[PDB]
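Step one of this worksheet: look at the structure below.
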Amino acid sequence: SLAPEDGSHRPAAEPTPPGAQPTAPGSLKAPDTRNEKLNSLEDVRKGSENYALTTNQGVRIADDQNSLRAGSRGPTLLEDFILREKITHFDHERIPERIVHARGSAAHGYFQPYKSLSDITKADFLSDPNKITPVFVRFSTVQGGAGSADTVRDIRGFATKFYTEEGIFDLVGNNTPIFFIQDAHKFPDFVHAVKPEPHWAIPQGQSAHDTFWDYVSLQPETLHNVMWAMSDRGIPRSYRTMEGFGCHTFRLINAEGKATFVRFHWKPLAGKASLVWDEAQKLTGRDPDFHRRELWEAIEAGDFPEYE
Amino acid sequence: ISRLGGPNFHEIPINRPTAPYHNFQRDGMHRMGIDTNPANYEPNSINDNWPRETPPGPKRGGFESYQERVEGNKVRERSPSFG
Amino acid sequence: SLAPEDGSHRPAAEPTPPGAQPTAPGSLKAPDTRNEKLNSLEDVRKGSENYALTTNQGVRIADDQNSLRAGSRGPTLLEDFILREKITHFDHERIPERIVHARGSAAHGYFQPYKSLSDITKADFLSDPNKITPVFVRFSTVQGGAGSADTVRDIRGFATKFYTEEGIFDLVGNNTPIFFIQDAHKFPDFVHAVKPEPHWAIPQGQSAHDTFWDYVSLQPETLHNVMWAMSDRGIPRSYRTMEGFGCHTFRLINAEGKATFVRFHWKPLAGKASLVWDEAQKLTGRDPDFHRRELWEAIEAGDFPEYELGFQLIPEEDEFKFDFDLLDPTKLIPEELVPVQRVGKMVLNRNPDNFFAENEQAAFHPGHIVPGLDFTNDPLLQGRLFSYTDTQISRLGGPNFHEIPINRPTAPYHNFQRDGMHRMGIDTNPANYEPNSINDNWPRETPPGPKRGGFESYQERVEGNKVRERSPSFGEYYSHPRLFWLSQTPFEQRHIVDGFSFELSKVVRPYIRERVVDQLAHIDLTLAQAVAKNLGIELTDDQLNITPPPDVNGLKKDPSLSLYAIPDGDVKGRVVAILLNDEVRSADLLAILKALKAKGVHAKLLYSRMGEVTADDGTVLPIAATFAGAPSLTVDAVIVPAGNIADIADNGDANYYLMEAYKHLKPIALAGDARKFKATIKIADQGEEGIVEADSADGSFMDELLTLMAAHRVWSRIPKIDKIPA
Amino acid sequence: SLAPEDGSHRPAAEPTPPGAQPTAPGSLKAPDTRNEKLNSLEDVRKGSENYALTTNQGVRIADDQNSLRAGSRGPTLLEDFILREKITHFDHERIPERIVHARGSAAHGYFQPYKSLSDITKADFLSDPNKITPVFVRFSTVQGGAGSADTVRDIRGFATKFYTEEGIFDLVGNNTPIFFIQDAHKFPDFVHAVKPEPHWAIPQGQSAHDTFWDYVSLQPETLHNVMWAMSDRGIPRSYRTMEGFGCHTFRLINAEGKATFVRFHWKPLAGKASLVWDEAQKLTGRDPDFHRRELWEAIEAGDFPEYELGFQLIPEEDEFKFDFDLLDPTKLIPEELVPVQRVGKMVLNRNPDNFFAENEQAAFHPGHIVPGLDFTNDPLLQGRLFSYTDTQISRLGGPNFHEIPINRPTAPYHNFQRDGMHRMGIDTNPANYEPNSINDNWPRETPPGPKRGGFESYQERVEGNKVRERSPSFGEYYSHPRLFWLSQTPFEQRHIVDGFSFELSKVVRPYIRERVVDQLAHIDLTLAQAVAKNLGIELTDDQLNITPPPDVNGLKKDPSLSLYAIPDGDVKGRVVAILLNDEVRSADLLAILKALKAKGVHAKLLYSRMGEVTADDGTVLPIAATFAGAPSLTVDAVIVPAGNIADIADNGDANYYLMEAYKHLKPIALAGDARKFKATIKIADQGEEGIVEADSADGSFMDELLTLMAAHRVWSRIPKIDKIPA
Ligand code: HDE
Ligand code: HDE
Ligand code: HDD
Ligand SMILES: [S]
Ligand SMILES: [S]
Ligand SMILES: [S]
């Protein structure tokens, strides 16, 4: 036994305020929280306590501190499959990050409509106020890599996967109601311009460089979303205190075949709040994980993020 | 790694062991297993070091190589006895 | 046409100081800087001026602003192949980042030896002072992703690809002489402990979390490299101002086949310099690209990064002459015991053209050796040899990663290997096997020899049983930490104390902090007490009584382990901030810039807005940045010239600038009415060592300033900064 | 030195007939055959002779016969990086095969138009008879894997990559003028039905199984292309002797902006020829590489595959003037209604160097069009446009597949796309977006125009609601099957009946057979009754009274649908087996061989063993193969010279050779005492059409034989083979 005798290594499995306990995986922190989706992931959840350490082929390992060598100061032997399996898995841990929105933080939850919307849409998840729909929601920035800072000035993404009884519906929104460009053919041009410049790969997490402002100056269509980004909207206090929008006109379709144009909104029930620029920027240095950390600690505290 | 697309090939259903498997390896493309262990390294105190090594023994023990004697120089050379 | 009339969109193709021009791809900035490797990449460089915009298939595009749709407000059509090809390429731009050292910055250069080393190695690139070897070097942090910050506290990588006439040699080193662990089998454990924790993926770029300190507390072999990381070694000022090390004992082999043990060193000709913790941390927010930018702009300016390659050489009969094992990569070889022989100089003189094609796709691997070099049984090196080949299969997409241009050897390569994903080479050999008769057995094996021979391993004797067992000779963990500790200046010691104290305070589980303090007590009681004090821990009686570890072969210190004990400062390439006012005394600025130019020291003119101000004699002075846009974090020293000081005297930003520079131990210089600023930093009328002040910026004023800059920081100021609110 | 001293290991670099020399990489066999694309590949071609064996990193290897081990009987060491590189590259050689057309054989050549087509298309490759366009052509089957057999019953692919000065144009066609299905959404259903069944992965290279015929029985739109596959079209003699078609209506666009609907044709200049089923099926066993081999050896011999490009052109005003919809890919356009206009000639004159690098990695896609061409709303074509770009992302590892050397345009290509796996091009452009001012907006869009203009889609009118709906105009399934059937000779019709019979006999569930027979009864009663008889199925009174579908625009046949109704034979490049005996009449063999050589017909001298035999006059005759080693399946005719016939008269293999060649309708010629073999194949004393016989191989003997060969097979023999035990 390496754990301290007083059990102070294990976080209390109950709501506790930020800083009071170490943070923990969700199913350990909050085992009593459930929904249909969380239940259905049980078949792949893997525990650990009281199990033997093995290879991926289920062979127990006796010594996980040393490679196999010819004498204790000798060369490592090619027949050490336990070493090569462990190093092979490590060697291939990384997958490509998202082209955009690479940096983001996610949580499980649920959604319920206030009333049946069957007069305007036949979407099953909106047909019955007792119908509860599990969700998984990822918030993100846009420009920076998966290892970039949270409190940058940037647009934020707000993507919700609804696991409905008639299929997955993903509402893939941002925290402003519009976008910089009109036609998708220009998306790699715009994204290239805001991303780090291609000779030297600078700057990270920032639109404050030549190519972004060149593109804007030559494409006045971008000005509307640029105003938003230059406002304090570009530096939210928390993912809990920003608005979400669906970006486009979509349609609702009812049982009768009637189409109604719709634009989607998320209203933060915690209200709207942003940082100020000097604060936001220094914070990318003092804690580049601030919004990720704040989201996780809100949920561990029972300060559940809520959106209408 | 190329044929089956990465290091999680043991999670492809035909290839899965029916014996238990638990270790500190993580991630890789199309990762199926969701690990709950607070720890992804050992030695650890935060999960009281689980999953744990197992001494070798008569049954249900850890793997240990037979301690064959090795004596020779580092050579790229075919044994004469093979000729 | 979109470019300005005046041509000010294009940077001059001549060396220019930082900030004077927009930065540019290296072949456009410095078209006449050449080496065999840069020249050999010409087949793949692609220009752009005067060419038509096309698909990848060579079809000219008429309208690159719109999708094809049925009516101008209609749906997009599936037959729009121009749109889909463009979006397809975009959708697939990213490749996996490196498992470790994902964050890094790279440059082209060359290496040349000081003399022939044929007496000790048959390595062709070391055979003649005339042999110029192109190199491509990538500097990196370790823990954070490719989009993490530069000035974190971390170990740094220092990887050099030598394009030799006898093959690629990759020297894949770090900025400290040892590693955290002894055996490669534990690498995934250590790296997972240091990396963001698996439930929530926090923290980025930091060792300051429970799992890292948990592992360290359970694995005392780590303590030596941990001492290095907690020192100011972990926060270098610049990739130009850090040491590099090969980490392991390798062998040199000569033409007679004699083996000599070797450890590799890179000595920075710009001297050793690091940041202080508060400045580094804040810098990760003000400019997370600081080291990448500083490297690129140093090369653009002509401040080429220079390093001397150094060998510590130990004869094979001396293997057991030290009181540590030469194969233990947690042990250093003190230079007092085995001096570094200076062997050649490397100069980085050209930036890449496309970061992703040349930097992100570069593959370095320490098993890439050439005849004249060989491995040892170091159990960390041993396992590295497996990892750096294997990891490229996913990262670079398959086994043809040597065909990616930056990776290609300039030496010939021919063999019977075929196919694999994105195979470039089209082999004409009728045979794809040997022995073969159908191509008269070509390409053919080559016997080992003094030059241009095939590779043969040194015939080391191996005797022992097949065991998974750590050598008993590796079982000593505290004497090297202690040697390092005792070799640091008293201010370097204070910063080590602060680094442990700061990191451990971020460990939420108190027993982990307690266990680390117990390990410190095994190294040095004074260290352990100072850390404990900052954590509100009291040493027990047993801990007060642990006997110190032995000296290292009679050594009770080695000043070569200190960044600063032996003076080594070089001011060329450093930068000063000059805080302007709306009517600067022009005679101050003439002298300041004059004397800074003569020592190669750069300047940034700063003010409260952009544009220009005008000096007292009508000289127009362009403003580089605001006080808040280019903080003192980014400069080595601050000068305030005389003039209308009332203009800035009550500027919060201007006052803070000097407070922050003051707190970070930087030289400050104040002329005439600028001495009014002494009051913001609490300087007595009589002055203070590290504050330069005079009636005007005359000749003696700049000499004293440049003297301070050669010594990097004003360490004597440390007891004054505690009271300053900054 | 392992090569023979006599140099007989190396083939002559001159054209040589099949079998005379070992085959070789194209650039070694025919170094002086050149075109712009072959020249442009020189940067990646890697030789071998006189070069040292190295790692991929350029390190010379001394011992490529052994792993590094501790002792010559000890364990292999992880530090053996030479072993691990070599085995790593091997371990990763394979890439995914193509989802369909995985089996294919390719060659280089060139195309030239007969005259400028500027009045109907601005396509630069068709603008000038003196403009030569390099091509790379891949022929394929459809269902089987890359390691399946060539002479299966299947559709064939005929894909041509034109490396034009205004971009790559890929004409991705098949050997029949229609496809099985109407809408691309159904392509996975169709392909899955014909592919090996998913429980057990059987059968390979065959539509003869339940699921294919299930799908056909339930999707009558398939019946037209099924008629083609069941005919001898499904079993070509050679890729040189099949037609090619572009499958869909596309558009030509001229400089004035006029659109003309076009379907593409390739006419084989060597004539149309196919195998017979028993032969084709047995050949998949005796030489599953028979078409790949035949192609490669045709090119080595100088019998270059030549095709004439032709267009069926239909003016925009005539879109609705046929009984069938022009956009329906299950309908052909009969040449009687719309003739093929000759456009130009393609010659395939050089084999690749490395099959993997050039053939396996080639990417063809029908969306790769150039200005002067455009698409139509054909709903199969429309979905193809999505598939051929998407699939390369796994098959070829990413979006940089255009940088794989065979796939590169010879036209310039420049744009703002960056990165992706395997990125080769190092872009120096300061900008990676447009519009940009920092590179003066280069590379720039180009307006459309008469030559060298940007691509702009033809402004076709679209009007309709968003629907998933098949056009009513596509709802007719039997008239084209019937047009095809009525156009075939009586022997061809017989082979169609036998194809359906054979296939349906492999369908295990009898109801599926019954349902297919019911569909046949909607096409033609005679066809339906004959298949029914072979399956032991009796048509119902209702089936016997189904009224036949209408003629196609008044056509009751179109002879251009037949392989054979209009003679188009060409003996050049065909091959004859010559059955030797141990004392051949040398005067017969001189006459035979020289007559064959004069018409470009090859010969293979066969016997009961390898080595030599000696003619009557002492001439030493080298043996190419044994009777069993090179069966009659692989030749077009058989000649037996006179001499010591008793030597082989009783050889079972020699007799069976004649029986097999007899059954498969091949010309046979017997000189002098070789006429004793008449008894083996049952020929009357007075002789029969299709058997050449005389006292000696002089006079008209060889002319009569060549006349038979010009007509390909002896169809009149069909009633005679019915009862031959062979
Ligand atoms: C309206 C909200 C919004 C808008 C207007 C866009 N994004 Fe997003 N994006 C991808 C492509 C893409 C395109 C082509 C366009 C306009 C043409 C937009 N974006 C604008 C993507 C490259 O396919 C993307 C990256 C990886 C991926 O799977 O999808 C992508 C990301 C993305 C996210 C992140 C989703 C997540 O995993 O958290 C969000 C919230 C948006 N986009 C919103 C969005
Ligand atoms: C008209 C000639 C023709 C037709 C009508 C089709 N094929 Fe082909 N094919 C692919 C997909 C595809 C679709 C989606 C459809 C109708 C919707 C067709 N086919 C019918 C493919 C999966 O994208 C394919 C496989 C790998 C690849 O790169 O493309 C593909 C191959 C193919 C070839 C082989 C070209 C070559 O690589 O040698 C040929 C000659 C055809 N198709 C013809 C074709
Ligand atoms: C057994 C696993 C292992 C071990 C024990 C080490 N390494 Fe490593 N290293 C890798 C496995 C690895 C790697 C996973 O293979 C990387 C990341 C991806 C890459 O291409 O190689 C790598 C990258 C990497 C780089 C960056 C190369 C680049 O810039 O692209 C450097 C500088 C080092 N390593 C240096 C070291 C040092 C100084 C070590 C101790 C002295 C060390 N490595 C131990
Ligand atoms: S949007
Ligand atoms: S190391
Ligand atoms: S087709």
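Ordering of the structure tokens sets the chain letters (A, B, ...), residue numbers begin anew at 1 in every chain, and ligands are numbered from 1 in the order given.
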Write out as an mmCIF file with N, CA and C atoms, in the first residue's frame each polymer residue (protein, DNA or RNA) that has an atom no more than 9 Å from ligand 5, with only C-alpha atoms and all ligand atoms counted.
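Wrote it out as selection26.cif, contents follow:
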```cif
data_model
loop_
_atom_site.group_PDB
_atom_site.id
_atom_site.type_symbol
_atom_site.label_atom_id
_atom_site.label_comp_id
_atom_site.auth_asym_id
_atom_site.auth_seq_id
_atom_site.Cartn_x
_atom_site.Cartn_y
_atom_site.Cartn_z
ATOM 1 N N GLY C 173 19.050 15.530 -28.203
ATOM 2 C CA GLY C 173 19.466 15.814 -26.782
ATOM 3 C C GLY C 173 18.453 16.727 -26.063
ATOM 4 N N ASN C 174 18.772 17.056 -24.833
ATOM 5 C CA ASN C 174 17.936 17.956 -24.018
ATOM 6 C C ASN C 174 18.802 19.046 -23.412
ATOM 7 N N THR C 176 19.320 19.534 -20.224
ATOM 8 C CA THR C 176 19.961 19.095 -18.939
ATOM 9 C C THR C 176 20.718 17.784 -19.205
ATOM 10 N N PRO C 177 21.712 17.459 -18.340
ATOM 11 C CA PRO C 177 22.609 16.352 -18.661
ATOM 12 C C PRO C 177 22.085 14.971 -18.313
ATOM 13 N N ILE C 178 20.885 14.900 -17.743
ATOM 14 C CA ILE C 178 20.365 13.614 -17.298
ATOM 15 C C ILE C 178 18.927 13.503 -17.630
ATOM 16 N N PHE C 179 18.324 12.340 -17.332
ATOM 17 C CA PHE C 179 16.886 12.208 -17.402
ATOM 18 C C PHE C 179 16.218 11.863 -16.039
ATOM 19 N N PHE C 180 14.872 11.840 -16.006
ATOM 20 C CA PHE C 180 14.131 11.566 -14.787
ATOM 21 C C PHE C 180 14.145 10.091 -14.398
ATOM 22 N N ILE C 181 14.260 9.212 -15.405
ATOM 23 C CA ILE C 181 14.130 7.789 -15.139
ATOM 24 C C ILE C 181 15.305 6.967 -15.698
ATOM 25 N N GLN C 182 15.463 5.751 -15.176
ATOM 26 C CA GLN C 182 16.559 4.896 -15.494
ATOM 27 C C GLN C 182 16.274 3.930 -16.648
ATOM 28 N N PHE C 245 22.744 18.632 -24.253
ATOM 29 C CA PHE C 245 23.458 17.428 -23.755
ATOM 30 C C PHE C 245 22.870 16.246 -24.481
ATOM 31 N N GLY C 246 23.720 15.269 -24.792
ATOM 32 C CA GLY C 246 23.285 14.035 -25.430
ATOM 33 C C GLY C 246 22.609 13.037 -24.503
ATOM 34 N N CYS C 247 22.576 13.341 -23.195
ATOM 35 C CA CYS C 247 21.837 12.546 -22.218
ATOM 36 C C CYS C 247 22.516 11.202 -21.839
ATOM 37 N N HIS C 248 23.142 10.505 -22.808
ATOM 38 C CA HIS C 248 23.696 9.132 -22.596
ATOM 39 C C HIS C 248 25.145 9.031 -22.950
ATOM 40 N N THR C 249 25.811 8.023 -22.355
ATOM 41 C CA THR C 249 27.067 7.493 -22.893
ATOM 42 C C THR C 249 26.817 6.742 -24.237
ATOM 43 N N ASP C 328 24.062 4.975 -16.343
ATOM 44 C CA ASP C 328 22.881 5.428 -15.606
ATOM 45 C C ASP C 328 22.559 6.860 -16.067
ATOM 46 N N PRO C 329 21.452 7.027 -16.815
ATOM 47 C CA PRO C 329 21.189 8.332 -17.445
ATOM 48 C C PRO C 329 20.576 9.296 -16.406
ATOM 49 N N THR C 330 20.555 8.923 -15.113
ATOM 50 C CA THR C 330 20.130 9.866 -14.054
ATOM 51 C C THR C 330 21.398 10.470 -13.370
ATOM 52 N N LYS C 331 22.567 10.043 -13.847
ATOM 53 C CA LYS C 331 23.880 10.506 -13.362
ATOM 54 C C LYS C 331 24.542 11.365 -14.408
ATOM 55 N N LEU C 380 17.944 3.244 -20.728
ATOM 56 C CA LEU C 380 17.014 4.284 -21.285
ATOM 57 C C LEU C 380 17.245 4.441 -22.805
ATOM 58 N N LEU C 381 18.507 4.601 -23.205
ATOM 59 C CA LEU C 381 18.871 4.692 -24.625
ATOM 60 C C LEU C 381 18.384 3.447 -25.323
#
```
Can you list, as a short mmCIF file (atom, residue, chain, number, x, y, z; two decimals) with N, CA and C atoms, in the first residue's frame, every protein, DNA or RNA residue that comes within 9 Å of residue A:244 when you count only C-alpha atoms, leaving out same-chain residues fewer than 6 positions away?
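What follows is the written file around_2.cif:
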```cif
data_model
loop_
_atom_site.label_atom_id
_atom_site.label_comp_id
_atom_site.auth_asym_id
_atom_site.auth_seq_id
_atom_site.Cartn_x
_atom_site.Cartn_y
_atom_site.Cartn_z
N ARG A 156 -16.20 31.55 -29.59
CA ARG A 156 -16.32 30.28 -28.91
C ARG A 156 -17.31 29.38 -29.57
N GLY A 157 -17.00 28.10 -29.65
CA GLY A 157 -18.00 27.11 -30.11
C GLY A 157 -18.81 26.54 -28.96
N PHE A 158 -20.02 26.10 -29.30
CA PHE A 158 -20.96 25.56 -28.32
C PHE A 158 -21.76 24.48 -29.12
N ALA A 159 -21.29 23.25 -29.00
CA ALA A 159 -21.85 22.13 -29.78
C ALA A 159 -22.55 21.13 -28.86
N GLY A 173 -23.28 25.11 -32.70
CA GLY A 173 -23.28 26.60 -32.67
C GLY A 173 -22.04 27.33 -32.16
N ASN A 174 -22.07 28.68 -32.14
CA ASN A 174 -21.01 29.51 -31.65
C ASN A 174 -21.62 30.49 -30.67
N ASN A 175 -20.79 31.34 -30.06
CA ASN A 175 -21.32 32.27 -29.03
C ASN A 175 -21.61 33.66 -29.59
N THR A 176 -21.62 33.74 -30.91
CA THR A 176 -22.16 34.95 -31.61
C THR A 176 -23.13 34.47 -32.68
N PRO A 177 -24.07 35.36 -33.12
CA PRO A 177 -25.22 34.98 -33.96
C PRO A 177 -24.90 34.93 -35.42
N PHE A 264 -31.71 29.13 -33.89
CA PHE A 264 -31.57 28.54 -32.56
C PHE A 264 -30.78 29.42 -31.65
N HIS A 265 -31.21 29.48 -30.39
CA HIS A 265 -30.56 30.29 -29.35
C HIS A 265 -30.34 29.44 -28.12
N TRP A 266 -29.21 29.69 -27.43
CA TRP A 266 -29.06 29.21 -26.07
C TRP A 266 -28.95 30.36 -25.13
N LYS A 267 -29.79 30.41 -24.07
CA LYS A 267 -29.68 31.51 -23.08
C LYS A 267 -29.05 30.96 -21.83
N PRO A 268 -27.96 31.59 -21.36
CA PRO A 268 -27.33 31.11 -20.16
C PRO A 268 -28.16 31.51 -18.92
N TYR A 307 -28.88 26.06 -19.59
CA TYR A 307 -29.18 26.90 -20.74
C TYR A 307 -30.60 26.67 -21.19
#
```
Can you write out as a tab-separated table which residues of chain A fall within 10 Å of ligand 3, alongside each residue's closest atom pair and its distance in Å to one decimal, counting only C-alpha atoms and all ligand atoms and ordering rows by chain and ascending residue number?
```
residue	atom	partner	partner_atom_place_in_ligand_line	distance
A:83	CA	ligand 3	1 (C)	9.3
A:84	CA	ligand 3	1 (C)	9.4
A:86	CA	ligand 3	1 (C)	9.6
A:87	CA	ligand 3	1 (C)	6.4
A:88	CA	ligand 3	2 (C)	9.3
A:90	CA	ligand 3	14 (C)	7.4
A:91	CA	ligand 3	14 (C)	5.3
A:92	CA	ligand 3	14 (C)	8.4
A:93	CA	ligand 3	14 (C)	9.5
A:94	CA	ligand 3	18 (C)	9.8
```
Residue subset to file, keeping N, CA, C and O atoms, as an mmCIF file, in the first residue's frame:
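Result file is again18.cif:
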```cif
data_model
loop_
_atom_site.group_PDB
_atom_site.id
_atom_site.type_symbol
_atom_site.label_atom_id
_atom_site.label_comp_id
_atom_site.auth_asym_id
_atom_site.auth_seq_id
_atom_site.Cartn_x
_atom_site.Cartn_y
_atom_site.Cartn_z
ATOM 1 N N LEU A 83 7.563 -4.889 -22.829
ATOM 2 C CA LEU A 83 8.111 -3.558 -23.143
ATOM 3 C C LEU A 83 7.571 -3.014 -24.504
ATOM 4 O O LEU A 83 7.013 -1.879 -24.568
ATOM 5 N N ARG A 84 7.728 -3.769 -25.593
ATOM 6 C CA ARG A 84 7.322 -3.219 -26.892
ATOM 7 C C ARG A 84 5.837 -2.958 -26.964
ATOM 8 O O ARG A 84 5.417 -1.979 -27.587
ATOM 9 N N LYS A 86 3.849 -1.982 -24.486
ATOM 10 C CA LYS A 86 3.602 -0.766 -23.683
ATOM 11 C C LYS A 86 4.158 0.477 -24.424
ATOM 12 O O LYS A 86 3.509 1.569 -24.394
ATOM 13 N N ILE A 87 5.342 0.338 -25.052
ATOM 14 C CA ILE A 87 5.955 1.520 -25.704
ATOM 15 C C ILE A 87 5.246 1.752 -27.003
ATOM 16 O O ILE A 87 5.036 2.896 -27.388
ATOM 17 N N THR A 88 4.785 0.674 -27.660
ATOM 18 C CA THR A 88 4.026 0.865 -28.958
ATOM 19 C C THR A 88 2.743 1.641 -28.668
ATOM 20 O O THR A 88 2.349 2.533 -29.423
ATOM 21 N N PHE A 90 2.026 3.756 -26.296
ATOM 22 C CA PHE A 90 2.419 5.104 -25.974
ATOM 23 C C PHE A 90 2.800 5.845 -27.256
ATOM 24 O O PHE A 90 2.347 6.982 -27.512
ATOM 25 N N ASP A 91 3.614 5.208 -28.099
ATOM 26 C CA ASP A 91 4.084 5.801 -29.356
ATOM 27 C C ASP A 91 3.041 6.252 -30.332
ATOM 28 O O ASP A 91 3.319 7.044 -31.242
ATOM 29 N N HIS A 92 1.832 5.731 -30.180
ATOM 30 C CA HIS A 92 0.756 5.991 -31.114
ATOM 31 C C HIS A 92 -0.445 6.567 -30.349
ATOM 32 O O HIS A 92 -1.587 6.401 -30.823
ATOM 33 N N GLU A 93 -0.242 7.256 -29.227
ATOM 34 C CA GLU A 93 -1.402 7.796 -28.416
ATOM 35 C C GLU A 93 -2.149 8.899 -29.114
ATOM 36 O O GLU A 93 -3.361 9.002 -28.958
ATOM 37 N N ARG A 94 -1.464 9.678 -29.960
ATOM 38 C CA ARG A 94 -2.076 10.911 -30.506
ATOM 39 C C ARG A 94 -2.793 10.749 -31.802
ATOM 40 O O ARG A 94 -2.363 9.957 -32.663
#
```
Using only C-alpha atoms, determine which residues of chain C fall within 9 Å of chain B; present them as a PyMOL selection string. chain C and resi 186+188-193+197-199+210-211+214-215+218-219+393-394+397-398+456-468+512
When DSSP works through the backbone of this structure, what residues of stretch 80-245 of chain A end up as alpha helix (DSSP H), shown as a PyMOL selection string? chain A and resi 81-91+187-194+210-218+223-230
Ligand 1: which residues are within 7 Å, counting only C-alpha atoms and all ligand atoms, as a ChimeraX atom specification? /A:98-101,104,138-140,157-159,172-174,178-179,183-185,187,246-248 /C:91
Give me the residues near residue C:520 as a ChimeraX atom specification, where near means some atom within 10 Å (using only C-alpha atoms) and where sequence neighbours in that chain fewer than 2 positions away do not count. /C:217,220,223,227,478,481-482,500,514-518,522-529,531-532,543
From the set A:112, A:204, A:27, A:35, which residue has the shortest atom-to-atom contact distance to chain C, counting only C-alpha atoms? A:204
Find the residues near ligand 2. Use a cut-off of 6 Å, count only C-alpha atoms and all ligand atoms, and write them as a PyMOL selection string. chain D and resi 98-101+138+157-159+172-174+179+184+187+246-247+363-364+380+383-384+387-388+391
With chain C as the partner and 6 Å as the cut-off, tabulate the residues of chain A that qualify, each row holding the nearest pair of atoms and their distance in Å to one decimal, using only C-alpha atoms, sorted by chain and rising number, as a tab-separated table.
```
residue	atom	partner	partner_atom	distance
A:22	CA	C:508	CA	6.0
A:25	CA	C:199	CA	5.1
A:66	CA	C:468	CA	5.2
A:67	CA	C:468	CA	5.4
A:68	CA	C:468	CA	4.4
A:69	CA	C:466	CA	5.6
A:70	CA	C:466	CA	4.7
A:71	CA	C:464	CA	3.8
A:72	CA	C:471	CA	4.9
A:73	CA	C:471	CA	5.8
A:74	CA	C:377	CA	5.6
A:75	CA	C:377	CA	5.0
A:83	CA	C:185	CA	5.7
A:91	CA	C:391	CA	4.7
A:92	CA	C:391	CA	5.9
A:94	CA	C:96	CA	5.5
A:95	CA	C:96	CA	4.8
A:96	CA	C:96	CA	4.2
A:145	CA	C:147	CA	4.6
A:147	CA	C:145	CA	4.7
A:148	CA	C:147	CA	4.8
A:185	CA	C:83	CA	5.6
A:198	CA	C:354	CA	5.8
A:199	CA	C:354	CA	4.5
A:200	CA	C:355	CA	5.4
A:281	CA	C:285	CA	5.7
A:282	CA	C:285	CA	5.1
A:284	CA	C:285	CA	4.6
A:285	CA	C:285	CA	3.5
```
Once you count only C-alpha atoms, which residues of chain D turn out to be within 6 Å of chain C? Could you give them as number ranges by chain? D: 1-3, 9, 44-49, 51-54, 56-62, 89, 92-94, 166-168, 353, 399, 409, 411-415, 419-420, 425-429, 437-438, 440, 442-447, 454-455
What are the residues of chain A that have an atom within 7 Å of an atom of chain B, counting only C-alpha atoms, as a ChimeraX atom specification? /A:1-3,9-10,24-25,44-58,60-64,70,86,88-90,92-95
Counting only C-alpha atoms and all ligand atoms, which residue out of D:265, D:122, D:240, D:258 sits closest to ligand 6? D:265
Non-local contacts of residue A:289 (7 Å; only C-alpha atoms; under 2 positions in same chain excluded) as a PyMOL selection string: (chain A and resi 149-150+287+291-293) or (chain C and resi 202-203)
